[PDB]
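Okay, coords.pdb is below, PDB, N, CA and C atoms:
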```pdb
MODEL        1
ATOM      1  N   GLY A   1     -20.068 -72.056  17.473  1.00  0.00           N
ATOM      2  CA  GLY A   1     -18.723 -72.580  17.629  1.00  0.00           C
ATOM      3  C   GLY A   1     -18.702 -73.752  18.612  1.00  0.00           C
ATOM      4  N   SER A   2     -19.594 -73.679  19.589  1.00  0.00           N
ATOM      5  CA  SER A   2     -19.687 -74.723  20.595  1.00  0.00           C
ATOM      6  C   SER A   2     -19.694 -76.099  19.924  1.00  0.00           C
ATOM      7  N   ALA A   3     -19.629 -77.128  20.756  1.00  0.00           N
ATOM      8  CA  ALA A   3     -19.628 -78.492  20.258  1.00  0.00           C
ATOM      9  C   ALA A   3     -21.069 -78.994  20.151  1.00  0.00           C
ATOM     10  N   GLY A   4     -21.998 -78.071  20.350  1.00  0.00           N
ATOM     11  CA  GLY A   4     -23.411 -78.404  20.279  1.00  0.00           C
ATOM     12  C   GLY A   4     -24.151 -77.928  21.530  1.00  0.00           C
ATOM     13  N   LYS A   5     -25.381 -78.399  21.667  1.00  0.00           N
ATOM     14  CA  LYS A   5     -26.201 -78.031  22.809  1.00  0.00           C
ATOM     15  C   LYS A   5     -26.154 -79.154  23.848  1.00  0.00           C
ATOM     16  N   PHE A   6     -26.230 -78.753  25.109  1.00  0.00           N
ATOM     17  CA  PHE A   6     -26.197 -79.709  26.201  1.00  0.00           C
ATOM     18  C   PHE A   6     -27.312 -79.428  27.211  1.00  0.00           C
ATOM     19  N   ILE A   7     -27.511 -80.384  28.106  1.00  0.00           N
ATOM     20  CA  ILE A   7     -28.538 -80.252  29.126  1.00  0.00           C
ATOM     21  C   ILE A   7     -28.011 -80.806  30.450  1.00  0.00           C
ATOM     22  N   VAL A   8     -27.741 -79.893  31.371  1.00  0.00           N
ATOM     23  CA  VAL A   8     -27.231 -80.275  32.677  1.00  0.00           C
ATOM     24  C   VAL A   8     -28.246 -79.877  33.750  1.00  0.00           C
ATOM     25  N   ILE A   9     -28.122 -80.519  34.903  1.00  0.00           N
ATOM     26  CA  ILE A   9     -29.018 -80.245  36.013  1.00  0.00           C
ATOM     27  C   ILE A   9     -28.209 -80.178  37.311  1.00  0.00           C
ATOM     28  N   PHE A  10     -28.736 -79.416  38.259  1.00  0.00           N
ATOM     29  CA  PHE A  10     -28.076 -79.261  39.545  1.00  0.00           C
ATOM     30  C   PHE A  10     -28.907 -79.885  40.666  1.00  0.00           C
ATOM     31  N   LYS A  11     -28.208 -80.538  41.584  1.00  0.00           N
ATOM     32  CA  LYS A  11     -28.868 -81.182  42.709  1.00  0.00           C
ATOM     33  C   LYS A  11     -29.842 -80.196  43.354  1.00  0.00           C
ATOM     34  N   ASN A  12     -30.552 -80.689  44.360  1.00  0.00           N
ATOM     35  CA  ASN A  12     -31.518 -79.866  45.068  1.00  0.00           C
ATOM     36  C   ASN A  12     -30.849 -79.239  46.292  1.00  0.00           C
ATOM     37  N   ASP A  13     -29.569 -78.930  46.133  1.00  0.00           N
ATOM     38  CA  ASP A  13     -28.805 -78.327  47.213  1.00  0.00           C
ATOM     39  C   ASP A  13     -28.178 -77.021  46.721  1.00  0.00           C
ATOM     40  N   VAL A  14     -27.666 -77.070  45.500  1.00  0.00           N
ATOM     41  CA  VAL A  14     -27.039 -75.902  44.906  1.00  0.00           C
ATOM     42  C   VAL A  14     -27.823 -74.650  45.299  1.00  0.00           C
ATOM     43  N   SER A  15     -27.117 -73.528  45.312  1.00  0.00           N
ATOM     44  CA  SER A  15     -27.734 -72.261  45.668  1.00  0.00           C
ATOM     45  C   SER A  15     -28.270 -71.569  44.415  1.00  0.00           C
ATOM     46  N   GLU A  16     -29.065 -70.533  44.642  1.00  0.00           N
ATOM     47  CA  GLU A  16     -29.647 -69.782  43.544  1.00  0.00           C
ATOM     48  C   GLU A  16     -28.559 -69.012  42.793  1.00  0.00           C
ATOM     49  N   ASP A  17     -27.835 -68.193  43.540  1.00  0.00           N
ATOM     50  CA  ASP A  17     -26.765 -67.398  42.960  1.00  0.00           C
ATOM     51  C   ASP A  17     -25.752 -68.327  42.291  1.00  0.00           C
ATOM     52  N   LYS A  18     -25.596 -69.503  42.879  1.00  0.00           N
ATOM     53  CA  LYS A  18     -24.665 -70.486  42.352  1.00  0.00           C
ATOM     54  C   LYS A  18     -25.094 -70.883  40.938  1.00  0.00           C
ATOM     55  N   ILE A  19     -26.385 -71.148  40.799  1.00  0.00           N
ATOM     56  CA  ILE A  19     -26.934 -71.538  39.511  1.00  0.00           C
ATOM     57  C   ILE A  19     -26.571 -70.481  38.466  1.00  0.00           C
ATOM     58  N   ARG A  20     -27.004 -69.257  38.734  1.00  0.00           N
ATOM     59  CA  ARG A  20     -26.732 -68.153  37.829  1.00  0.00           C
ATOM     60  C   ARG A  20     -25.226 -68.015  37.597  1.00  0.00           C
ATOM     61  N   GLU A  21     -24.466 -68.387  38.617  1.00  0.00           N
ATOM     62  CA  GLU A  21     -23.017 -68.309  38.537  1.00  0.00           C
ATOM     63  C   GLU A  21     -22.485 -69.329  37.528  1.00  0.00           C
ATOM     64  N   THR A  22     -22.632 -70.597  37.882  1.00  0.00           N
ATOM     65  CA  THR A  22     -22.173 -71.672  37.021  1.00  0.00           C
ATOM     66  C   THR A  22     -22.534 -71.379  35.564  1.00  0.00           C
ATOM     67  N   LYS A  23     -23.779 -70.973  35.366  1.00  0.00           N
ATOM     68  CA  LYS A  23     -24.262 -70.657  34.033  1.00  0.00           C
ATOM     69  C   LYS A  23     -23.464 -69.480  33.470  1.00  0.00           C
ATOM     70  N   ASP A  24     -23.325 -68.454  34.297  1.00  0.00           N
ATOM     71  CA  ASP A  24     -22.590 -67.264  33.898  1.00  0.00           C
ATOM     72  C   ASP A  24     -21.138 -67.645  33.599  1.00  0.00           C
ATOM     73  N   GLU A  25     -20.611 -68.538  34.424  1.00  0.00           N
ATOM     74  CA  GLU A  25     -19.241 -68.991  34.260  1.00  0.00           C
ATOM     75  C   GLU A  25     -19.034 -69.558  32.855  1.00  0.00           C
ATOM     76  N   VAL A  26     -20.083 -70.186  32.344  1.00  0.00           N
ATOM     77  CA  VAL A  26     -20.030 -70.775  31.017  1.00  0.00           C
ATOM     78  C   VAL A  26     -20.208 -69.675  29.968  1.00  0.00           C
ATOM     79  N   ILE A  27     -21.072 -68.724  30.294  1.00  0.00           N
ATOM     80  CA  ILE A  27     -21.340 -67.617  29.395  1.00  0.00           C
ATOM     81  C   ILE A  27     -20.041 -66.855  29.127  1.00  0.00           C
ATOM     82  N   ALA A  28     -19.359 -66.514  30.210  1.00  0.00           N
ATOM     83  CA  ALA A  28     -18.105 -65.785  30.107  1.00  0.00           C
ATOM     84  C   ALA A  28     -17.017 -66.725  29.583  1.00  0.00           C
ATOM     85  N   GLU A  29     -16.965 -67.909  30.177  1.00  0.00           N
ATOM     86  CA  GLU A  29     -15.981 -68.902  29.781  1.00  0.00           C
ATOM     87  C   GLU A  29     -16.050 -69.145  28.272  1.00  0.00           C
ATOM     88  N   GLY A  30     -17.136 -69.783  27.858  1.00  0.00           N
ATOM     89  CA  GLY A  30     -17.337 -70.082  26.450  1.00  0.00           C
ATOM     90  C   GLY A  30     -18.796 -70.450  26.170  1.00  0.00           C
ATOM     91  N   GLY A  31     -19.189 -71.607  26.680  1.00  0.00           N
ATOM     92  CA  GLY A  31     -20.549 -72.084  26.493  1.00  0.00           C
ATOM     93  C   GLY A  31     -21.556 -70.944  26.657  1.00  0.00           C
ATOM     94  N   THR A  32     -22.775 -71.205  26.206  1.00  0.00           N
ATOM     95  CA  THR A  32     -23.834 -70.215  26.297  1.00  0.00           C
ATOM     96  C   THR A  32     -25.120 -70.856  26.823  1.00  0.00           C
ATOM     97  N   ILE A  33     -26.162 -70.041  26.899  1.00  0.00           N
ATOM     98  CA  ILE A  33     -27.449 -70.515  27.380  1.00  0.00           C
ATOM     99  C   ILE A  33     -28.550 -70.050  26.423  1.00  0.00           C
ATOM    100  N   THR A  34     -29.405 -70.992  26.055  1.00  0.00           N
ATOM    101  CA  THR A  34     -30.501 -70.695  25.148  1.00  0.00           C
ATOM    102  C   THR A  34     -31.842 -70.846  25.867  1.00  0.00           C
ATOM    103  N   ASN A  35     -31.854 -71.734  26.850  1.00  0.00           N
ATOM    104  CA  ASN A  35     -33.060 -71.982  27.620  1.00  0.00           C
ATOM    105  C   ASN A  35     -32.677 -72.445  29.027  1.00  0.00           C
ATOM    106  N   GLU A  36     -33.641 -72.347  29.930  1.00  0.00           N
ATOM    107  CA  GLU A  36     -33.418 -72.749  31.309  1.00  0.00           C
ATOM    108  C   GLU A  36     -34.601 -73.576  31.819  1.00  0.00           C
ATOM    109  N   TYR A  37     -34.393 -74.201  32.970  1.00  0.00           N
ATOM    110  CA  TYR A  37     -35.428 -75.023  33.572  1.00  0.00           C
ATOM    111  C   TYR A  37     -35.662 -74.626  35.032  1.00  0.00           C
ATOM    112  N   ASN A  38     -36.709 -73.842  35.238  1.00  0.00           N
ATOM    113  CA  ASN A  38     -37.052 -73.386  36.575  1.00  0.00           C
ATOM    114  C   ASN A  38     -38.287 -74.142  37.064  1.00  0.00           C
ATOM    115  N   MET A  39     -38.091 -75.424  37.334  1.00  0.00           N
ATOM    116  CA  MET A  39     -39.176 -76.266  37.809  1.00  0.00           C
ATOM    117  C   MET A  39     -39.051 -76.526  39.310  1.00  0.00           C
ATOM    118  N   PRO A  40     -40.191 -76.954  39.916  1.00  0.00           N
ATOM    119  CA  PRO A  40     -40.220 -77.240  41.340  1.00  0.00           C
ATOM    120  C   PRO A  40     -39.519 -78.565  41.648  1.00  0.00           C
ATOM    121  N   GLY A  41     -38.315 -78.447  42.187  1.00  0.00           N
ATOM    122  CA  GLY A  41     -37.531 -79.622  42.532  1.00  0.00           C
ATOM    123  C   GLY A  41     -36.476 -79.911  41.462  1.00  0.00           C
ATOM    124  N   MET A  42     -36.612 -79.220  40.341  1.00  0.00           N
ATOM    125  CA  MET A  42     -35.680 -79.390  39.238  1.00  0.00           C
ATOM    126  C   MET A  42     -35.030 -78.058  38.858  1.00  0.00           C
ATOM    127  N   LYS A  43     -33.716 -78.011  39.022  1.00  0.00           N
ATOM    128  CA  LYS A  43     -32.965 -76.809  38.702  1.00  0.00           C
ATOM    129  C   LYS A  43     -31.912 -77.139  37.641  1.00  0.00           C
ATOM    130  N   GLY A  44     -32.298 -76.943  36.389  1.00  0.00           N
ATOM    131  CA  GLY A  44     -31.401 -77.214  35.278  1.00  0.00           C
ATOM    132  C   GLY A  44     -31.535 -76.145  34.192  1.00  0.00           C
ATOM    133  N   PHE A  45     -30.862 -76.391  33.078  1.00  0.00           N
ATOM    134  CA  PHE A  45     -30.897 -75.461  31.961  1.00  0.00           C
ATOM    135  C   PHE A  45     -30.366 -76.117  30.685  1.00  0.00           C
ATOM    136  N   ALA A  46     -30.714 -75.512  29.558  1.00  0.00           N
ATOM    137  CA  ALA A  46     -30.282 -76.026  28.270  1.00  0.00           C
ATOM    138  C   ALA A  46     -29.708 -74.879  27.436  1.00  0.00           C
ATOM    139  N   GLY A  47     -28.663 -75.200  26.687  1.00  0.00           N
ATOM    140  CA  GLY A  47     -28.015 -74.209  25.844  1.00  0.00           C
ATOM    141  C   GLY A  47     -26.836 -74.824  25.086  1.00  0.00           C
ATOM    142  N   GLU A  48     -25.839 -73.987  24.830  1.00  0.00           N
ATOM    143  CA  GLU A  48     -24.654 -74.432  24.117  1.00  0.00           C
ATOM    144  C   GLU A  48     -23.501 -74.665  25.097  1.00  0.00           C
ATOM    145  N   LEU A  49     -22.879 -75.827  24.965  1.00  0.00           N
ATOM    146  CA  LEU A  49     -21.766 -76.183  25.827  1.00  0.00           C
ATOM    147  C   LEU A  49     -20.640 -76.779  24.980  1.00  0.00           C
ATOM    148  N   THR A  50     -19.662 -77.348  25.670  1.00  0.00           N
ATOM    149  CA  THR A  50     -18.527 -77.956  24.996  1.00  0.00           C
ATOM    150  C   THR A  50     -17.861 -78.993  25.903  1.00  0.00           C
ATOM    151  N   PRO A  51     -16.728 -79.553  25.400  1.00  0.00           N
ATOM    152  CA  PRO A  51     -15.991 -80.554  26.152  1.00  0.00           C
ATOM    153  C   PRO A  51     -15.207 -79.911  27.298  1.00  0.00           C
ATOM    154  N   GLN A  52     -14.825 -78.661  27.082  1.00  0.00           N
ATOM    155  CA  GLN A  52     -14.073 -77.924  28.083  1.00  0.00           C
ATOM    156  C   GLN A  52     -14.952 -77.633  29.302  1.00  0.00           C
ATOM    157  N   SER A  53     -16.021 -76.892  29.056  1.00  0.00           N
ATOM    158  CA  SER A  53     -16.947 -76.536  30.118  1.00  0.00           C
ATOM    159  C   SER A  53     -17.369 -77.791  30.885  1.00  0.00           C
ATOM    160  N   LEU A  54     -17.534 -78.874  30.141  1.00  0.00           N
ATOM    161  CA  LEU A  54     -17.934 -80.138  30.736  1.00  0.00           C
ATOM    162  C   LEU A  54     -16.980 -80.481  31.882  1.00  0.00           C
ATOM    163  N   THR A  55     -15.769 -80.866  31.506  1.00  0.00           N
ATOM    164  CA  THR A  55     -14.760 -81.223  32.489  1.00  0.00           C
ATOM    165  C   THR A  55     -14.862 -80.314  33.714  1.00  0.00           C
ATOM    166  N   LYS A  56     -15.298 -79.086  33.467  1.00  0.00           N
ATOM    167  CA  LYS A  56     -15.445 -78.113  34.535  1.00  0.00           C
ATOM    168  C   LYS A  56     -16.423 -78.656  35.580  1.00  0.00           C
ATOM    169  N   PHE A  57     -17.692 -78.683  35.198  1.00  0.00           N
ATOM    170  CA  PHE A  57     -18.731 -79.173  36.088  1.00  0.00           C
ATOM    171  C   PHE A  57     -18.953 -80.674  35.897  1.00  0.00           C
ATOM    172  N   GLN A  58     -17.979 -81.308  35.260  1.00  0.00           N
ATOM    173  CA  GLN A  58     -18.056 -82.737  35.009  1.00  0.00           C
ATOM    174  C   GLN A  58     -17.398 -83.512  36.151  1.00  0.00           C
ATOM    175  N   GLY A  59     -16.295 -82.964  36.639  1.00  0.00           N
ATOM    176  CA  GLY A  59     -15.565 -83.591  37.728  1.00  0.00           C
ATOM    177  C   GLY A  59     -16.173 -83.219  39.082  1.00  0.00           C
ATOM    178  N   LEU A  60     -16.515 -81.945  39.211  1.00  0.00           N
ATOM    179  CA  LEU A  60     -17.103 -81.450  40.443  1.00  0.00           C
ATOM    180  C   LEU A  60     -18.522 -82.006  40.586  1.00  0.00           C
ATOM    181  N   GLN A  61     -18.970 -82.673  39.533  1.00  0.00           N
ATOM    182  CA  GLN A  61     -20.300 -83.257  39.529  1.00  0.00           C
ATOM    183  C   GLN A  61     -20.584 -83.942  40.867  1.00  0.00           C
ATOM    184  N   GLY A  62     -21.853 -84.263  41.073  1.00  0.00           N
ATOM    185  CA  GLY A  62     -22.269 -84.919  42.301  1.00  0.00           C
ATOM    186  C   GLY A  62     -22.575 -83.893  43.394  1.00  0.00           C
ATOM    187  N   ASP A  63     -21.718 -82.886  43.472  1.00  0.00           N
ATOM    188  CA  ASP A  63     -21.884 -81.836  44.463  1.00  0.00           C
ATOM    189  C   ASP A  63     -22.220 -80.521  43.756  1.00  0.00           C
ATOM    190  N   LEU A  64     -22.765 -80.654  42.556  1.00  0.00           N
ATOM    191  CA  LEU A  64     -23.136 -79.490  41.770  1.00  0.00           C
ATOM    192  C   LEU A  64     -24.156 -79.902  40.706  1.00  0.00           C
ATOM    193  N   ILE A  65     -23.699 -80.742  39.788  1.00  0.00           N
ATOM    194  CA  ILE A  65     -24.557 -81.218  38.717  1.00  0.00           C
ATOM    195  C   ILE A  65     -25.185 -82.551  39.127  1.00  0.00           C
ATOM    196  N   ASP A  66     -26.507 -82.600  39.031  1.00  0.00           N
ATOM    197  CA  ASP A  66     -27.238 -83.805  39.387  1.00  0.00           C
ATOM    198  C   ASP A  66     -27.231 -84.770  38.200  1.00  0.00           C
ATOM    199  N   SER A  67     -27.398 -84.202  37.014  1.00  0.00           N
ATOM    200  CA  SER A  67     -27.413 -84.998  35.799  1.00  0.00           C
ATOM    201  C   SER A  67     -26.820 -84.193  34.639  1.00  0.00           C
ATOM    202  N   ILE A  68     -26.019 -84.878  33.837  1.00  0.00           N
ATOM    203  CA  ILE A  68     -25.385 -84.242  32.693  1.00  0.00           C
ATOM    204  C   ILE A  68     -25.723 -85.029  31.426  1.00  0.00           C
ATOM    205  N   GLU A  69     -26.131 -84.294  30.403  1.00  0.00           N
ATOM    206  CA  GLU A  69     -26.485 -84.908  29.135  1.00  0.00           C
ATOM    207  C   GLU A  69     -25.919 -84.090  27.973  1.00  0.00           C
ATOM    208  N   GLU A  70     -24.832 -84.596  27.409  1.00  0.00           N
ATOM    209  CA  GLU A  70     -24.185 -83.925  26.293  1.00  0.00           C
ATOM    210  C   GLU A  70     -24.815 -84.365  24.971  1.00  0.00           C
ATOM    211  N   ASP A  71     -25.091 -83.383  24.127  1.00  0.00           N
ATOM    212  CA  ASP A  71     -25.693 -83.654  22.833  1.00  0.00           C
ATOM    213  C   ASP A  71     -24.854 -82.993  21.737  1.00  0.00           C
ATOM    214  N   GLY A  72     -23.640 -82.617  22.111  1.00  0.00           N
ATOM    215  CA  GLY A  72     -22.734 -81.975  21.173  1.00  0.00           C
ATOM    216  C   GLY A  72     -21.823 -83.004  20.499  1.00  0.00           C
ATOM    217  N   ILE A  73     -21.146 -83.783  21.331  1.00  0.00           N
ATOM    218  CA  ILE A  73     -20.243 -84.804  20.830  1.00  0.00           C
ATOM    219  C   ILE A  73     -21.030 -86.092  20.572  1.00  0.00           C
ATOM    220  N   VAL A  74     -21.932 -86.013  19.605  1.00  0.00           N
ATOM    221  CA  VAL A  74     -22.753 -87.158  19.252  1.00  0.00           C
ATOM    222  C   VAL A  74     -22.248 -87.756  17.937  1.00  0.00           C
ATOM    223  N   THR A  75     -22.326 -86.947  16.890  1.00  0.00           N
ATOM    224  CA  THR A  75     -21.881 -87.381  15.575  1.00  0.00           C
ATOM    225  C   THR A  75     -22.720 -88.567  15.095  1.00  0.00           C
ATOM    226  N   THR A  76     -22.850 -88.666  13.780  1.00  0.00           N
ATOM    227  CA  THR A  76     -23.618 -89.745  13.183  1.00  0.00           C
ATOM    228  C   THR A  76     -24.939 -89.936  13.929  1.00  0.00           C
ATOM    229  N   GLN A  77     -25.956 -89.228  13.460  1.00  0.00           N
ATOM    230  CA  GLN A  77     -27.271 -89.310  14.070  1.00  0.00           C
ATOM    231  C   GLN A  77     -28.192 -90.198  13.232  1.00  0.00           C
TER     232      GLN A  77
ENDMDL
END
```
As structure tokens:
Amino acid sequence: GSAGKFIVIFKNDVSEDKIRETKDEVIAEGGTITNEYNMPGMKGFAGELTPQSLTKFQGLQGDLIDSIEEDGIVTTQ
């Protein structure tokens, strides 16, 4: 149902529980998770998102999301 899959990342400040939270927030909210990124210095994840969830961590960005890459609202590939 989502608008597709997305890939967001969190700065190197965000907390651990926070990560699981934000992600969980999407799980409960709407978006889902299919994969995650537990790299050294890189804390991100990949899964299903939408335009709604975006605005969520889209505005608060900078102090939460380091990089956001939407692949749902692409159309015409």
Quiz item: Quick one: residues within 8 Å of residue 26 (chain A), only N, CA and C atoms counted, chain neighbours fewer than 6 positions away excluded, as a ChimeraX atom specification?
Solution: /A:20,32-33,48-49,53
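Atom N of residue 55 (chain A) lies 24.4 Å from CA of residue 41 (chain A).
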Self-check item: Point-to-point distance in Å for atom N of residue 9 (chain A) and CA of residue 70 (chain A)
Solution: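 We find that CA of residue 70 (chain A) and atom N of residue 9 (chain A) lie 10.1 Å from each other.
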Self-check item: Atomic separation - atom C of residue 40 (chain A) relative to atom C of residue 56 (chain A), Å
Solution: 23.9 Å
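When only C-alpha atoms are used to measure the gap to residue 12 (chain A), the shortest distance among A:67, A:58, A:35, A:52 belongs to A:67.
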Practice problem: Extract, using all atoms listed in the file, all DNA, RNA and protein residues at most 8 Å from residue 5 (chain A), discarding same-chain residues fewer than 2 positions from it, and format them as an MDAnalysis selection string. | Solution: chainID A and resid 2:3 7:8 46:50 69:73
Practice problem: Could you check which of A:11, A:23, A:34, A:6 is closest to residue 64 (chain A), using only N, CA and C atoms? | Solution: A:11
Quiz item: Nearest to residue 4 (chain A) among A:51, A:42, A:37, A:76, with distances taken over all atoms listed in the file: which residue is it?
Solution: A:51
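Running DSSP on the backbone and keeping only strand (DSSP E or B), the residues of chain A that qualify are residues 4, 5, 6, 7, 8, 9, 10, 35, 36, 37, 38, 39, 42, 43, 44, 45, 46, 47, 48, 49, 65, 66, 67, 68, 69 and 70 of chain A.
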Exercise. Enumerate the residues of chain A with a DSSP assignment of helix (DSSP H, G or I), computed from the backbone, and present them as a PyMOL selection string.
Key: chain A and resi 16-29+51-59
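With distances taken over only C-alpha atoms, A:22 is the one residue among A:22, A:45, A:30, A:36 lying closest to residue 60 (chain A).
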